[PDB]
Amino acid sequence: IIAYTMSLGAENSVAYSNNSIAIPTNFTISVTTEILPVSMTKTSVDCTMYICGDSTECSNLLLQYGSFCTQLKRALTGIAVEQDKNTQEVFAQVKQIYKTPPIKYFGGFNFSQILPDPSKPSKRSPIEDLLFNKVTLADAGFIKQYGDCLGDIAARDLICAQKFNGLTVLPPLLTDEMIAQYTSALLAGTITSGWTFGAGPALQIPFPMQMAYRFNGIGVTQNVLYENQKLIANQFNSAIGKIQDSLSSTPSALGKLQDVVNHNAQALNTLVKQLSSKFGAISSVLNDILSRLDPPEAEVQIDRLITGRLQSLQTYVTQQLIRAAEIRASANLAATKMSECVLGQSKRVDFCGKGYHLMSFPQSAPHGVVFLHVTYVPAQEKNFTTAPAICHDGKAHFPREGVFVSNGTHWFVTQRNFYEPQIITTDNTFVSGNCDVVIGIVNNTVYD
Amino acid sequence: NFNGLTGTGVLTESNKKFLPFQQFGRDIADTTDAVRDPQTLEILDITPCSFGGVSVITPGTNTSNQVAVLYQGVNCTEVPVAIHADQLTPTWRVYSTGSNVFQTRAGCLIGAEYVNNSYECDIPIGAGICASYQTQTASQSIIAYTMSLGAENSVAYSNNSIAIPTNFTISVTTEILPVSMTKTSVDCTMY
Amino acid sequence: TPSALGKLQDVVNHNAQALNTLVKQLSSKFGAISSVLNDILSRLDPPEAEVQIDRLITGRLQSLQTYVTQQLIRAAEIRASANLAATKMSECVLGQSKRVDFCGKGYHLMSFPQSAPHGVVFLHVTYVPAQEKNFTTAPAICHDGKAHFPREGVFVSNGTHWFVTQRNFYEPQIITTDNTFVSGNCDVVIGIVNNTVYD
Amino acid sequence: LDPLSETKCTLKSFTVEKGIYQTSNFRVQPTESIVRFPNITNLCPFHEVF
């Protein structure tokens, strides 16, 4: 063991200067996996089953509370309907279920890793298959045969013990297949039409032209895409494959959803174990008190046990409500991320992945969602000399949509997020003002 | 009751390896799951009696009184009630028969006629099945159907085809958001 | 539609259901022989009465804690909406938001606020296209040795002539030198097509 | 009496709106048996005194 002071990352020093400007000459399409929880386990409880233990003598004494138990039941039902609404609002954003057409060459892009594969049930993609295989649910809320809890309880089938006390998990409204259908529809819409199927009717347009408009939305002109279309397609495919391999080998990919389900299961398990705890009484079973102690004090003891277990249920409900508020914030964030990155091109930084966002793709994760953020990122930059203006004839020429540069004895104009020198022309440079107000203006010609 | 240990359940004769010094068995959740006969040596697993929650599906009372029932997390092949009116007291309400049962992944739904026609989910039951008091059965009754996720559609994606609108529409939607709750106050001693 | 303002009506309903239930909790005989204090002091002596009153104090206190806890949680939900309304106000009203599906469904033109009891209402105006047509698109136009790309619109042809126009409104205008920008030759483009340009 | 009645009692209202408004209760089955096993453990010398 060795202790040390944490490092804040590798040091760096930008070679700043009054006439130094760096511009990219190449770039790279990166993909990042952003996971967000969208729902949690639904629950429903019987007060008497949890507390009394199927005893009529304790029931009416538990009915002396009445409202207390019902408040919790209503809160749990509210949490459940809220999880359902969260799923609906995160996935069911479009009412038209688009179908993917027979895949034709998309200018180079291969979506086979995120499209639904008909070679297996559930009509989902390989990445979604991996995501489903990563997360394991203690109780999905599905149908369980009566023979399940009838023997061979050596496994971690605590669900039997949790159901013996009213605690039972329900199945979500929208099955995994419906979420997969919504995801496939969104993917087909974004790859066939672009940002139009979110505002209204689906307007078809080639995926190359879609990506060209994406690029135009972050400075890089359409030519940067058309003249490097094959390289960009190869980069996209390689990044998709690398993300697949990472999510496959990296066990901590879906750690957030795993921790969500683990927290829910652990809360249920501890709430169950609380039953075996002596809440100041002589025994954990009310029948023992009824058979050993007299009614005068047995009633007080039963009231004590009931208050203790009701407080346990209240603590559980409060923790679940706080976690549900968290997951609701996460679901709203996921819906916003969908609407922005998936259904459009977002300008917000660090919201649709690291770097300039081009487009995103959703994947149906268990109790959550995984966004594959496609971004545009420069690389292998180079240094050039800059000049805020160009003086040609007693007037200053300023850039229209780019920046000036100089490779030495010659001067050119180019854009910011990419290197594409062009001669200083009158169309490229607007003229306004003399050459005496500018501080770093340089004398150079403006072609006509 | 065997040696002072009372309870209720179903015995299923397991072959659990109880040692000579072991007379009771508790599962992972500190719950009894097996016991030994105080006389013989047979190990009997204490399995739970028939148990399952019921959910009452009811349309608007102003509409009608016909109601459906769902035994969540139970297979129809089990014993929902199936009593002779002299078995269990707390649930005298019997809906064993009716010739209308549909086993969903969420439970046995009694009182609803399953239909292959997918509509918009009105009353969410679970596992995709939703109910409604549709009047297209014409008579009216409670039905069940897999929720319709939406209207099918497709886009003729082509490497050289584009769509450009010709007219527009100024839609005026609405949104509602709570801003402030009721400000209350309490007097500890008076309450 | 009578259920339009349900989101707001739920608030005043829960706030009422929170206090109304809190009043019925006074009838709960928390480990006591009676839920009315005056009946205890009238039926039992202080030594034995405190053994009962001390219990009612706990339950009635937990009922307030159970009440104040939920109000705090509910208070957090309102602020989240108030912050969203405060943001949706500044973004949708005080300006034009490019955030899709935030200031209504569709391209945001403008929004108008309307006050409401314990809430707020936003009238979102959106630009939704309709009655679209299908045309043939070409990523570029190959002129005499050079490819011309669209400056801001997109190229289209009705089958016999080529025109450029914006994406969200069909306004075909001729391919002009000022409507296009030239970058490189034609061999580098995949689906480029040949068509003249007007100088 | 009937499900529509056990839900009103929980909702505390004679009118029930549309939905699944109540998970009324759960299913159970009663039983009966005896106590104080076993018996073959031993005899008693009571006969020695009588």
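Backbone-built Cβ (ideal geometry, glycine too); neighbour counts: all protein chains shown. Quick note: the coordinates plus some simple rules give every number you see, no bench work behind them.
Taken together, A:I322, A:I327 contain a single residue that is under 15 Å from the mean Cα position of the chain (by Cα), part of a helix (DSSP H, G or I) and closer than 30 Å to A:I35 by Cα, which is A:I327.
Helices (runs of 4 or more DSSP H) fully within region C:1-94 that include at least 2 residues being more than 41 Å from the chain's Cα centre (by Cα) and hydrophobic (A, V, I, L, M, F, W, C): C:37-43, C:46-88.
Kindly check whether there is at least one residue in region A:92-109 that is out of contact with any helix residue (DSSP H, G or I) (no Cβ under 9 Å at 6 or more places or on another chain), over 30 Å from C:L22 (Cβ atoms) and away from every other protein chain (no Cβ under 13 Å). No, region A:92-109 has no match at all.
Output yes when any residue across region A:119-126 is over 19 Å from A:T175 (Cβ atoms), more than 9 Å from every other protein chain (Cβ to nearest Cβ) and assigned to a loop (DSSP other than H, G, I, E, B), and no when none is. Quick ask: steps written out before the conclusion?
The first filter runs over region A:119-126 and keeps only residues over 19 Å from A:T175 (Cβ atoms), leaving A:119, A:126.
Next, only the ones that are more than 9 Å from every other protein chain (Cβ to nearest Cβ) stay: A:119, A:126.
Now drop any that are not assigned to a loop (DSSP other than H, G, I, E, B), which leaves A:119.
Checked against the condition, which is being over 19 Å from A:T175 (Cβ atoms), more than 9 Å from every other protein chain (Cβ to nearest Cβ) and assigned to a loop (DSSP other than H, G, I, E, B), region A:119-126 yields at least one hit.
Taking region A:346-418 as the region of interest, the strands (runs of 3 or more DSSP E) fully inside it that hold 3 or more residues being under 24 Å from A:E326 (Cβ atoms) are A:356-365, A:368-385. Comparison of B:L149, B:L177 shows that the only residue that is closer than 30 Å to C:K88 by Cα, within 14 Å of chain C (Cβ to nearest Cβ) and of a type in the set (A, V, I, L, M, F, W, C) is B:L177. Considered as a group, the residues in region A:324-336 that are buried (at least 16 other Cβ atoms within 10 Å of the Cβ) and away from chain C (no Cβ under 11 Å) include one that is farthest from A:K73 (Cα to Cα), and that residue is A:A334. Candidates are the residues of region B:102-122 that are within 14 Å of chain A (Cβ to nearest Cβ) and of a type in the set (A, V, I, L, M, F, W, C); the one that is surrounded by the most Cβ atoms within 10 Å (Cβ to Cβ) is B:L109. With respect to the conditions (1) within 11 Å of another protein chain (Cβ to nearest Cβ); (2) of a type outside the set (S, T, N, Q); (3) in a loop (DSSP other than H, G, I, E, B), A:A281 falls short on a single one, namely (1).
All conditions in (1) loosely packed, with under 14 Cβ neighbours inside 10 Å; (2) out of contact with any helix residue (DSSP H, G or I) (no Cβ under 8 Å at 6 or more places or on another chain) hold for B:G53, with the sole exception of (1).
Per-residue answers, yes or no, for (1) of a type in the set (S, T, N, Q); (2) within 10 Å of chain A (Cβ to nearest Cβ); (3) surrounded by fewer than 22 Cβ atoms within 10 Å (Cβ to Cβ); (4) on the phi < 0 side of the Ramachandran plot:
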{"position": "B:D27", "(1), (2), (3), (4)": "no, yes, yes, yes"}
{"position": "B:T58", "(1), (2), (3), (4)": "yes, no, no, yes"}
{"position": "B:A68", "(1), (2), (3), (4)": "no, no, no, yes"}
{"position": "B:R93", "(1), (2), (3), (4)": "no, no, yes, yes"}
{"position": "B:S96", "(1), (2), (3), (4)": "yes, no, yes, yes"}
{"position": "B:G126", "(1), (2), (3), (4)": "no, yes, no, no"}
{"position": "B:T135", "(1), (2), (3), (4)": "yes, no, yes, yes"}
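Remark: pairs (first residue in region B:76-90, more than 7 Å from chain D (Cβ to nearest Cβ); second residue hydroxyl-bearing (S, T, Y) and assigned to a loop (DSSP other than H, G, I, E, B); Cβ separation under 7 Å; 6+ apart in sequence or on different chains) = B:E78/A:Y146; B:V79/B:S50; B:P80/B:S96; B:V81/B:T91; B:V81/B:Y95; B:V81/B:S96; B:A82/B:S96.
B:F2 satisfies every condition listed in (1) under 26 Å from the mean Cα position of the chain (by Cα); (2) over 23 Å from B:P90 (Cβ atoms) except (1).
Can C:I73 be described as at negative phi and in contact with a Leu (Cβ under 6 Å, 6 or more places away or on another chain)? Outline the logic, then answer.
On the way: at negative phi: yes; in contact with a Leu (Cβ under 6 Å, 6 or more places away or on another chain): yes.
Answer is yes for this residue.
Here is a yes/no grid of residues against (1) among the hydrophobic types (A, V, I, L, M, F, W, C); (2) under 30 Å from A:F197 (Cα atoms); (3) within 12 Å of another protein chain (Cβ to nearest Cβ):
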residue: A:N262; (1), (2), (3): no, no, no
residue: A:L271; (1), (2), (3): yes, no, yes
residue: A:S277; (1), (2), (3): no, no, yes
residue: A:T315; (1), (2), (3): no, no, yes
residue: A:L321; (1), (2), (3): yes, no, yes
residue: A:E340; (1), (2), (3): no, yes, yes
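Among residues of region A:290-303 that are away from every other protein chain (no Cβ under 11 Å) and outside any helix (DSSP H, G or I), those with a Cβ under 9 angstrom from a residue that is surrounded by 17 or more Cβ atoms within 10 Å (Cβ to Cβ) and not hydroxyl-bearing (S, T, Y), sequence gap 6+ or separate chain, pair up as A:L293/A:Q301.
What's the total number of residues in region A:405-418 that are under 15 Å from A:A22 (Cβ atoms) and crowded, with 19+ Cβ neighbours inside 10 Å? Write out each step before concluding.
Here is the first cut: in region A:405-418, the ones under 15 Å from A:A22 (Cβ atoms) are A:405-407, A:414-418.
Imposing the further condition that a residue be crowded, with 19+ Cβ neighbours inside 10 Å reduces the set to A:405, A:415, A:418.
Total meeting the criteria: 3.
Here A:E34 meets each of (1) crowded, with 22+ Cβ neighbours inside 10 Å; (2) in contact with a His (Cβ under 9 Å, 6 or more places away or on another chain); (3) not β-branched (V, I, T) with one exception, condition (1). Taken residue by residue, region D:3-20 has at least one member that is facing chain B (nearest Cβ under 7 Å), under 30 Å from B:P124 (Cβ atoms), surrounded by fewer than 14 Cβ atoms within 10 Å (Cβ to Cβ) and of a type outside the set (A, V, I, L, M, F, W, C).
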